[PDB]
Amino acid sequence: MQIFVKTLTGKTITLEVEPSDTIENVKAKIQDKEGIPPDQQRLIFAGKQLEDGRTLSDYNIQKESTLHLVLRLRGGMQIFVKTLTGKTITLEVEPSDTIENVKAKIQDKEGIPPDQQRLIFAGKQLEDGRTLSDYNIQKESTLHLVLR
């Protein structure tokens, strides 16, 4: 009950768990430390993919047992952001994602700091505190960035 996972880069991370948790429970924990969205991560062992739900006991996983992680390209849910220039960029997000969570990811692509950013969704201004759910932003939706 102290296992690691490894990306195909070599980058290893130790994950404090017990031989009871489910596959998604592990995935849940990964996002805790690393911040990697659960649905964007697949997990492998003994040469085979693991399915959410079935507990890690079943798949013969032991202590210091080396697990294999793979990051997908998609993420299940996506939204769009239009820049002051007219550019459209696709963000990978989840319902429970604050405006700071969104502002974060926008900084990665476009670059621009999270303080030049003021997001206008259907007329009204967005605010760092409230998540995507509060404003009720379904996938495929398109945000707008304008001058602060």
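A residue's number is simply how far along the shown sequence it sits, counting from 1.
J.: Which is higher on average in the deposited entry, the C-alpha temperature factors of 78 to 86 or of 104 to 112?
T.: Averaged over C-alpha atoms, the B-factors run higher in 104 to 112.
J.: Averaging only over Cα atoms, indicate whether 89 to 97 or 57 to 65 has the higher B-factor in the PDB entry.
T.: Comparing averages over the C-alpha atoms only gives 57 to 65.
J.: Lowest, middle or highest third: which one holds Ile120 when the chain's residues are ordered by CA B-factor from the entry?
T.: According to the entry, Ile120 has a C-alpha B-factor in the chain's highest third.
J.: What third of the chain does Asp134 rank in for C-alpha temperature factor, lowest, middle or highest?
T.: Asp134: CA B-factor falls in the middle third of its chain.
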